[PDB]
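The data below hold one chain only, encoded as structure tokens and taken in the form deposited without this ligand.
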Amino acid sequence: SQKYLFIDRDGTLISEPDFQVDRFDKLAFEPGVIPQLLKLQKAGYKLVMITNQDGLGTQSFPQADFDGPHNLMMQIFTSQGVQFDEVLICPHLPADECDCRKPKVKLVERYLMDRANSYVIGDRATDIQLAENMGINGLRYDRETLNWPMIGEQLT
């Protein structure tokens, strides 16, 4: 059964800016993310992106402002051979108290896979809580202390 990696976007795949990648000039890739995701794919992991984008589609974060950098990030990954099976987004504000905001598991219900060998990889405590809620492993990404080369090595 399938090994999955459920991977956070902001602060994990790309750098976390006001916490919104709403301009092209705010886009920056995390070190080693491409070669390591390629390594992880070769080892048999399928990749799923999962992200909370607070207030996506509002005055404070229009969909168009999100789309440009996001679509470009996706181009870059895809052209280099990194493929995400799905990109799962919660667009809600915390105050909305919605059903889909990480660490709630709604976005990933369908997956609820080889649980023993699947991971959430993200840079926040809420990513680790998502792993607990899904009943799978959690890796707390840190650019300095638990980064892409380390994860690539560990999981292969």
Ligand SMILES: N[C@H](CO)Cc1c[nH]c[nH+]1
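All residue numbers refer to positions in the sequence shown, first residue = 1.
Below, we turn to the form deposited with this ligand bound, even though it does not appear here.
*For the unliganded chain shown, is the site open or blocked after superimposing this ligand from its bound pose in the deposited bound form, using a cut-off of 2.4 Å to backbone and C-beta atoms and a threshold of 3 ligand atoms?*
By the 2.4 Å criterion, open.
*Would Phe61 sit within 4.5 Å of this ligand in the deposited bound form, counting heavy atoms only?*
Contact with this ligand, yes.
*Quick one: is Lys26 in contact with this ligand in the deposited bound form, heavy atoms, 4.5 Å cut-off?*
No, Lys26 is distant from the partner.
*Would you please decide whether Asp18 lies within 4.5 angstroms of this ligand in the deposited bound form, comparing each non-hydrogen atom pair?*
Yes, contact at 4.5 Å.
_Distance check, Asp54 to this ligand in the deposited bound form, heavy atom within 4.5 Å_ = Result yes; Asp54 sits at the interface with this ligand in the deposited bound form.
_Single option in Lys46, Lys104, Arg124, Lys39 placed near this ligand in the deposited bound form, where near means a heavy atom within 4.5 Å_ = Here the answer is residue option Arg124.
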